[PDB]
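Just passing along the structure, written as structure tokens.
Chain identifiers are assigned alphabetically (A, B, ...) following the order of the sequence lines, protein sequences preceding nucleic acid strands; residue numbering begins at 1 within each chain.
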Amino acid sequence: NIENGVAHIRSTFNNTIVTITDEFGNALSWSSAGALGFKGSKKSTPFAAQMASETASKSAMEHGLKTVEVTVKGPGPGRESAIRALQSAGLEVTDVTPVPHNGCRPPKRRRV
RNA sequence: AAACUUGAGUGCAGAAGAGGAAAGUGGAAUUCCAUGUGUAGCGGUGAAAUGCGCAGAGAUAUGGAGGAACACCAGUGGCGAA
Ligand SMILES: [Mg+2]
């Protein structure tokens, strides 16, 4: 039984991943678009992200979690959908996208 | 040959600068490593597959190693012969 928690959202252009934990960082339940049998372009849709945070939150509340914080990441479109649905699963809502200070060289641009 | 001070230098008084060389200090991020939680995919594309993963990945939290580069400031802004 844990009541205070943190919800991590990792939304990219290929997949949305949600991990729920306390403030101590130890996870309790996670889901993703792939865990719901979505493949490819389906795995990145904003609708398909909400089906993942809803699944994740229901498992964390089963442990007894009521208040969870939000840490969002990535430019994936499944950001509002995965965050609003956090408040839509009986969870009380009380940006961590890594930016470098000019560090490592990024890969070459794609000539599609 | 002799004068001159405008050109060109010097002196004096101010100011600005990513100009150069050397040695130090620091924060973010990437990768790898370890540890704790924790479970079924992660990753990737037009769509896929190769690839990694149940021997515990990816995610998350903490710590460590190492190299490289210096967000914001930042501007037909500045400096330099290039
Ligand atoms: Mg002077």
With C1' as the reference atom in both, quote the distance from B/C42 to B/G24 in angstrom, rounded to an integer. 43 Å

On a heavy-atom basis, which atom in A/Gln50 and which in A/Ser81 lie closest, and how many Å separate them? CB-O, 3.7 Å

Rounding to a whole Å, what distance do you find between A/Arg109:CZ and B/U45:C1'? 17 Å

Smallest separation among heavy atoms of A/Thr71 and A/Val96, with atom names: CB-CG2, 3.5 Å

Would you kindly give the CG-to-P distance between A/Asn14 and B/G58, to the nearest whole Å? 18 Å

Separation of B/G43 atom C1' from A/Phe13 atom CZ, nearest Å, is 16 Å

Based on the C1'-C2'-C3'-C4' torsion angle, does the furanose ring of B/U39 adopt a north or a south pucker? south

Rounded interatomic separation in angstrom, taking CD1 from A/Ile20 and P from B/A61: 14 Å

Considering only side-chain heavy atoms of A/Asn15, which listed nucleotide, B/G27, B/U45, B/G43, is closest? B/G43

Please verify, for B/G41 and B/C52, whether Watson-Crick or G-U wobble pairing holds with both distances under 3.5 Å? yes

Separation of the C1' atoms in B/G17 and B/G75, to the nearest angstrom: 15 Å

Could you tell me whether the side chain of A/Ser31 reaches within less than 4.5 Å of the side chain of A/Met51, counting heavy atoms only? no

Two-distance pair criterion under 3.5 Å, Watson-Crick or G-U, for B/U6 and B/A40: no

pair A/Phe13-A/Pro75: side-chain heavy atoms closer than 4.5 Å: yes

Nearest listed nucleotide, side chain of A/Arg10, among B/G41, B/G44, B/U60: B/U60

Here's a test of your reading of the structure: between A/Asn102 and A/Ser32, which maps to the more 5' nucleotide of RNA chain B? A/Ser32

Residue A/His101, side-chain atoms from C-beta onward, closest of B/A29, B/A28, B/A57: B/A28

How far does the P atom of B/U76 sit from the matching atom of B/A15, given to the nearest Å? 28 Å

Verify stacking: B/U50 then B/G51, 5.5 Å distance, 30° angle limits: yes

Is B/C54 paired with B/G75, either Watson-Crick or G-U wobble, both distances below 3.5 Å? no

Rounding to the closest angstrom, what is the interatomic distance between B/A49 and B/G43 at atom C1'? 12 Å

Nearest-nucleotide pick for A/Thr19, side chain only, options being B/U60, B/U45, B/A40: B/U60

Classify the nucleic acid contact of A/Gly34 as base, sugar-phosphate or nothing, counting any heavy atom under 4.0 Å across all strands shown. sugar-phosphate

Let's test this: given Watson-Crick or G-U wobble pairing with both distances under 3.5 Å, identify the partner of B/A47. none

Any side-chain heavy atom of A/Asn15 within less than 4.5 Å of one from A/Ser32? yes

Torsion-based syn/anti label for B/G36, 90° from 0 as limit: anti

If pairing means Watson-Crick or G-U wobble with both distances under 3.5 Å, then the partner of B/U31 is B/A65

Determine yes or no for a side-chain-to-main-chain donor-acceptor pair under 3.5 angstrom, with A/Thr45 supplying the side chain and A/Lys42 the backbone. yes

For a side-chain contact (heavy atoms from CB on, under 4.5 Å) with A/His8, tell me which candidate from A/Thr21, A/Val70, A/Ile20, A/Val18 qualifies. A/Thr21

Assert: residue with more 5' nearest nucleotide on RNA chain B, out of A/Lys43 and A/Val99, is A/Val99

Figure out the CG/P separation between A/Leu28 and B/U60, and round it to whole Å. 15 Å

By nearest atom, which of the nucleotides B/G58, B/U60, B/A47 is closest to the A/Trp30 side chain? B/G58

Tell me whether the sugar of B/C33 sits north or south, going by the sign of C1'-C2'-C3'-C4' (positive is north, negative is south). north

Could you check which of B/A59, B/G46, B/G67 has an atom nearest any side-chain atom of A/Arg110? B/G46

Answer yes or no: are the six-membered ring centres of B/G14 and B/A15 under 5.5 Å apart with planes under 30°? yes

Ring of B/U31, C1'-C2'-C3'-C4' positive counted as north and negative as south, is tagged north

Going by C1'-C2'-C3'-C4', which side is B/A55 on: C3'-endo/north or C2'-endo/south? south

Distance between the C1' atoms of B/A21 and B/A61, in whole angstroms? 45 Å

Under 4.5 Å between any side-chain heavy atoms of A/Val72 and A/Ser11, yes or no? no

Going by torsion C1'-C2'-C3'-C4' being positive (north) or negative (south), B/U35 has its sugar north

Would you kindly give the NE2-to-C1' distance between A/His8 and B/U37, to the nearest whole Å? 11 Å

In the structure shown, which nucleotide is the Watson-Crick or G-U wobble counterpart of B/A23, with both distances under 3.5 Å? none

Indicate syn or anti for B/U10, taking the glycosidic torsion and treating anything within 90° of 0 as syn. anti

Between B/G9 and B/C70, how far apart are the two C1' atoms, rounded to whole Å? 43 Å

Please report the distance separating the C1' of B/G11 from the corresponding atom of B/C73, rounded so that it comes out in whole Å. 40 Å

Could you give the NZ-to-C1' distance, from A/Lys73 to B/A61, as a whole number of Å? 12 Å

Identify the nucleotide, in any strand shown, that forms a Watson-Crick or G-U wobble pair with B/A57, with both distances under 3.5 Å; if there is none, say none. none

Rounded to whole angstrom, note down the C1' distance from B/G44 over to B/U62. 30 Å

Please report the closest heavy-atom contact between A/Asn14 and A/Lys43, naming both atoms and the distance. O-CD, 3.3 Å

Rounded to the nearest angstrom, tell me the gap between atom CD1 in A/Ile17 and atom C1' in B/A57. 11 Å

Should A/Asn26 be listed as having a side-chain N or O under 4.0 Å from OP1 or OP2 of B/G36? no

